[PDB]
4 protein chains.
Amino acid sequence: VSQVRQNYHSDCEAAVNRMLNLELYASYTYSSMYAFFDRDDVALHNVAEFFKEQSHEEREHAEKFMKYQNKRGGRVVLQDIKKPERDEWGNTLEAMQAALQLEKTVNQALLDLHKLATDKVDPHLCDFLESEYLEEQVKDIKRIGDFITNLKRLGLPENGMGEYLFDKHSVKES
Amino acid sequence: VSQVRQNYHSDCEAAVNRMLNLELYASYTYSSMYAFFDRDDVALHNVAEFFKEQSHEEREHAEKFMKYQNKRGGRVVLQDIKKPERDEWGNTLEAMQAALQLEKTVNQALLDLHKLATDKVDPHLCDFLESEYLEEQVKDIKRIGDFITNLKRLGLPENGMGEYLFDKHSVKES
Amino acid sequence: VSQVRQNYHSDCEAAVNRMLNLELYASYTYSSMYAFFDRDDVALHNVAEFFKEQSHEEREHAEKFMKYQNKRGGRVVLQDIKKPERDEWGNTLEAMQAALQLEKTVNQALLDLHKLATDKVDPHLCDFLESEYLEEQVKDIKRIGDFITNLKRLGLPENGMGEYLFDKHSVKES
Amino acid sequence: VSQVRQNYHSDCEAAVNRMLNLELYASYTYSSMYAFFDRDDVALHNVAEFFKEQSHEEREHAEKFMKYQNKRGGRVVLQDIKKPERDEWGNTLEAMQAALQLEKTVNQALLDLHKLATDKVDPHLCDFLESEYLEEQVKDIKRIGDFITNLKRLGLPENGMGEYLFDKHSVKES
Ligand SMILES: [Cl-]
Ligand SMILES: [Cl-]
Ligand SMILES: [Cl-]
Ligand SMILES: [Cl-]
Ligand SMILES: [Cl-]
Ligand SMILES: [Cl-]
Ligand SMILES: [Cl-]
Ligand SMILES: [Cl-]
Ligand SMILES: [Cl-]
Ligand SMILES: [Cl-]
Ligand SMILES: [Cl-]
Ligand SMILES: [Cl-]
Ligand SMILES: [Cl-]
Ligand SMILES: [Cl-]
Ligand SMILES: [Cl-]
Ligand SMILES: [Cl-]
Ligand SMILES: [Cl-]
Ligand SMILES: [Cl-]
Ligand SMILES: [Cl-]
Ligand SMILES: [Cl-]
Ligand SMILES: [Cl-]
Ligand SMILES: [Cl-]
Ligand SMILES: [Cl-]
Ligand SMILES: [Cl-]
Ligand SMILES: [Cl-]
Ligand SMILES: [Cl-]
Ligand SMILES: [Cl-]
Ligand SMILES: [Cl-]
Ligand SMILES: [Cl-]
Ligand SMILES: [Cl-]
Ligand SMILES: [Cl-]
Ligand SMILES: [Cl-]
Ligand SMILES: [Cl-]
Ligand SMILES: [Cl-]
Ligand SMILES: [Cl-]
Ligand SMILES: [Cl-]
Ligand SMILES: [Cl-]
Ligand SMILES: [Cl-]
Ligand SMILES: [Cl-]
Ligand SMILES: [Cl-]
Ligand SMILES: [Cl-]
Ligand SMILES: [Cl-]
Ligand SMILES: [Cl-]
Ligand SMILES: [Cl-]
Ligand SMILES: [Cl-]
Ligand SMILES: [Cl-]
Ligand SMILES: [Cl-]
Ligand SMILES: [Cl-]
Ligand SMILES: [Cl-]
Ligand SMILES: [Cl-]
Ligand SMILES: [Cl-]
Ligand SMILES: [Cl-]
Ligand SMILES: [Cl-]
Ligand SMILES: [Cl-]
Ligand SMILES: [Cl-]
Ligand SMILES: [Cl-]
Ligand SMILES: [Cl-]
Ligand SMILES: [Cl-]
Ligand SMILES: [Cl-]
Ligand SMILES: [Fe+2]
Ligand SMILES: [Fe+2]
Ligand SMILES: [Fe+2]
Ligand SMILES: [Fe+2]
Ligand SMILES: [Fe+2]
Ligand SMILES: [Fe+2]
Ligand SMILES: [Fe+2]
Ligand SMILES: [Fe+2]
Ligand SMILES: [Fe+2]
Ligand SMILES: [Fe+2]
Ligand SMILES: [Fe+2]
Ligand SMILES: [Fe+2]
Ligand SMILES: [Fe+2]
Ligand SMILES: [Fe+2]
Ligand SMILES: [Fe+2]
Ligand SMILES: [Fe+2]
Ligand SMILES: [Mg+2]
Ligand SMILES: [Mg+2]
Ligand SMILES: [Mg+2]
Ligand SMILES: [Mg+2]
Ligand SMILES: [Mg+2]
Ligand SMILES: [Mg+2]
Ligand SMILES: [Mg+2]
Ligand SMILES: [Mg+2]
Ligand SMILES: [Mg+2]
Ligand SMILES: [Mg+2]
Ligand SMILES: [Mg+2]
Ligand SMILES: [Mg+2]
Ligand SMILES: [Mg+2]
Ligand SMILES: [Mg+2]
Ligand SMILES: [Mg+2]
Ligand SMILES: [Mg+2]
Ligand SMILES: [Mg+2]
Ligand SMILES: [Mg+2]
Ligand SMILES: [Mg+2]
Ligand SMILES: [Mg+2]
Ligand SMILES: [Mg+2]
Ligand SMILES: [Mg+2]
Ligand SMILES: [Mg+2]
Ligand SMILES: [Mg+2]
Ligand SMILES: [Mg+2]
Ligand SMILES: [Mg+2]
Ligand SMILES: [Mg+2]
Ligand SMILES: [Mg+2]
Ligand SMILES: [Mg+2]
Ligand SMILES: [Mg+2]
């Protein structure tokens, strides 16, 4: 009943709201990782800044869904942002493994939303996901996988020198 | 079993490897056309350079598939690059006609890969083909068709002055 | 019977075509190494880019032989480009050892071509090889040998930290 | 008996003087072609300027041999510069065919001088010919052959429009 609404199924509107929540959840998990690596007894600053930036990017993903919802005439409905699964993240390897799984969880939700949009014959929503979300996921999943391979090569979790070197050379100097 | 792999069917992985080979094959055919037009008894330099650039572009298409394969967690598998169908290319008209058919053959393979990706519900691969390959083919097919029309207008194959003028005015001065 | 042909033996013409094929073969082998180091379970980006550049350089070597053939009035004859000997390259040390042997194989073929050119009293072809090919081989063979020495010093194949450091410090940052 | 002379055979000294004369002869022939195409009843200005530049380049080739002779401690001995074989050059095709044969005659003399230098074990003279003369000949022979192919394609000698177009598009605008 929005004056702009056209070819936008209620199911897709609802699924966009759920996806928005998941983006915010992902942002919050990354924020927790930032704070962990900033601890004085962890002290891997470039890794911390990597996760801070990851958090900001997820927040941007969320805001883009809010804007999308309104563009199509749907209505943003917010729910609680659940706290992350862990309060402490072990080390760079454990955190990167959790990040990989988080990005794959987000990717699966996006793929599921694409299936729904396809089922409801919504090519605009399909294009939006393909053009703004799906390649970002593939690229970041590859980046994080590459990191994990290098962390293993560097002898994580046991090799502290390896972990130190990863922070200096693999992630952006901040 | 790659840690990055998600929603990537074995059939699509294999078809990407076959497509990679076809891009390399197309590159090699264009390289042969370059060398032919550079012969002292052919001596159409702008036409030669046109095909040299076509060859480099196909090589870039191939490299982009290699990168894609790895991004999705598939594994690049290479096969022999078959030599071109001809050792000599007749004249500018015959070569352009062969180029048109080559670009249409490549296009059909890309369309077939899109059908497979659609069947396997792989929207990332669909988007990749649509965003990076399919429009390039339509544009180049149109360009080459336009050239063939002009070569016929110029009296090819019999009209040597027509062929000379095409090289001076239709293809980029190199 | 080309109008430009002068002092160019049929044997040399044929050997130039065979050398052209070998340059293309070398290019393809280096392309395979690039793709291997770009895998998410290998993930040595600077090493990957090193081999990508090696591949492009071999392609340039091939194109220079095509141009040479035509300049002398010979005729380019292409054959299949055989796929590389391996589908996977083990690690940076194994790949560099294979690269060393590849560059020495190419060098031996160039030296053999120089012997033929000398036998047929073709000083232009001798000069072409000496001025455009032979020093490139000596320089690259030295570079790759130096790399292998450093990879051994760094404890390859067992020392993953050593391999990580080589990628950061020995090859160009890409 | 020159104080600088070392490893310079009398035969090579004499052959350098004969080569010098041939370069001057080639210059003079090209000058005649320039004057012919500048005639009001020929009037192909870009072709005329092409041959004028060819003439100046041969003069530079001659001067470089004079300098070489003195560098090695030989003595420049000059002979008459014979007038060209023709007083009129027919048309662009006939002139280009004569230019091709002239450049091949010069090339054969250079190759013969290289054989002599090789026989007398004079690597400096071999290098001088290879580095300063032999590639220039191959390149110019290819250029002129390419021109002849295009003149034939353009319908020379009968097709006056073809000849006009060659002057506008194949040779440098002067
Ligand atoms: Cl609606
Ligand atoms: Cl509709
Ligand atoms: Cl609805
Ligand atoms: Cl909702
Ligand atoms: Cl709950
Ligand atoms: Cl977790
Ligand atoms: Cl915890
Ligand atoms: Cl997760
Ligand atoms: Cl957007
Ligand atoms: Cl995207
Ligand atoms: Cl990327
Ligand atoms: Cl990495
Ligand atoms: Cl370790
Ligand atoms: Cl890294
Ligand atoms: Cl999968
Ligand atoms: Cl899925
Ligand atoms: Cl599968
Ligand atoms: Cl395969
Ligand atoms: Cl086969
Ligand atoms: Cl064909
Ligand atoms: Cl053929
Ligand atoms: Cl085809
Ligand atoms: Cl891309
Ligand atoms: Cl495209
Ligand atoms: Cl267009
Ligand atoms: Cl056109
Ligand atoms: Cl016609
Ligand atoms: Cl015109
Ligand atoms: Cl056109
Ligand atoms: Cl010959
Ligand atoms: Cl000879
Ligand atoms: Cl022969
Ligand atoms: Cl051959
Ligand atoms: Cl075979
Ligand atoms: Cl091997
Ligand atoms: Cl293998
Ligand atoms: Cl080898
Ligand atoms: Cl060169
Ligand atoms: Cl070199
Ligand atoms: Cl050096
Ligand atoms: Cl080194
Ligand atoms: Cl070690
Ligand atoms: Cl450093
Ligand atoms: Cl080093
Ligand atoms: Cl002496
Ligand atoms: Cl001596
Ligand atoms: Cl003597
Ligand atoms: Cl003398
Ligand atoms: Cl006389
Ligand atoms: Cl004559
Ligand atoms: Cl005469
Ligand atoms: Cl002559
Ligand atoms: Cl000099
Ligand atoms: Cl030279
Ligand atoms: Cl050249
Ligand atoms: Cl030309
Ligand atoms: Cl005609
Ligand atoms: Cl024009
Ligand atoms: Cl031309
Ligand atoms: Fe970022
Ligand atoms: Fe991310
Ligand atoms: Fe996200
Ligand atoms: Fe990212
Ligand atoms: Fe292009
Ligand atoms: Fe193309
Ligand atoms: Fe292509
Ligand atoms: Fe194109
Ligand atoms: Fe390089
Ligand atoms: Fe190399
Ligand atoms: Fe090479
Ligand atoms: Fe090199
Ligand atoms: Fe010139
Ligand atoms: Fe010349
Ligand atoms: Fe000369
Ligand atoms: Fe020249
Ligand atoms: Mg209203
Ligand atoms: Mg609703
Ligand atoms: Mg949820
Ligand atoms: Mg709770
Ligand atoms: Mg995109
Ligand atoms: Mg983005
Ligand atoms: Mg990367
Ligand atoms: Mg694994
Ligand atoms: Mg499979
Ligand atoms: Mg195939
Ligand atoms: Mg075959
Ligand atoms: Mg597009
Ligand atoms: Mg493109
Ligand atoms: Mg157009
Ligand atoms: Mg002929
Ligand atoms: Mg032969
Ligand atoms: Mg071979
Ligand atoms: Mg085989
Ligand atoms: Mg020598
Ligand atoms: Mg030399
Ligand atoms: Mg050199
Ligand atoms: Mg070089
Ligand atoms: Mg060095
Ligand atoms: Mg004295
Ligand atoms: Mg004497
Ligand atoms: Mg003489
Ligand atoms: Mg006389
Ligand atoms: Mg040179
Ligand atoms: Mg020069
Ligand atoms: Mg040219």
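Here, residue 1 is simply the first one shown, and the rest follow in order.
Quick check of the header: X-ray crystallography, 1.2 Å.
Cβ from N, Cα, C; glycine included.
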Per Swiss-Prot, member of A:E88, A:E103, A:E173 binding Fe cation 2 alongside A:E58, A:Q137, A:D140: A:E103
According to Swiss-Prot, which candidate in A:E13, A:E23, A:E94 joins A:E58, A:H61 at the Fe cation 1 site: A:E23
Inter-residue Cα distance where the pair is A:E23 (Fe cation 1 binding site) and A:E103 (Fe cation 2 binding site), in Å: 10
CB within-chain contacts under 8 A for A:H61 (Fe cation 1 binding site), separation at least 6: A:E23, A:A26, A:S27, A:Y133, A:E136
Largest tally of Cβ atoms lying within 10 Å of a Cβ, found at which of the binding-site residues A:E23, A:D140: A:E23
All-chain count of other Cβ atoms within 10 Å of A:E103 (Fe cation 2 binding site): 25
Residues close to Fe cation 2 site centre defined by A:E58, A:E103, A:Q137, A:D140, Cβ within 8 Å: A:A26, A:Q54, A:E57, A:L102, A:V106, A:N107, A:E136, A:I141
Separation of alpha carbons, A:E58 (Fe cation 1 binding site) and A:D140 (Fe cation 2 binding site) (Å): 12
For A:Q137 (Fe cation 2 binding site): intrachain residues, at least 6 apart, with Cβ closer than 8 Å: A:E103, A:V106, A:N107, A:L110
Other same-chain residues whose Cβ falls within 8 Å of the Cβ centroid of A:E23, A:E58, A:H61, the recorded Fe cation 1 site, in sequence order: A:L22, A:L24, A:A26, A:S27, A:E57, A:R59, A:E60, A:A62, A:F65, A:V106
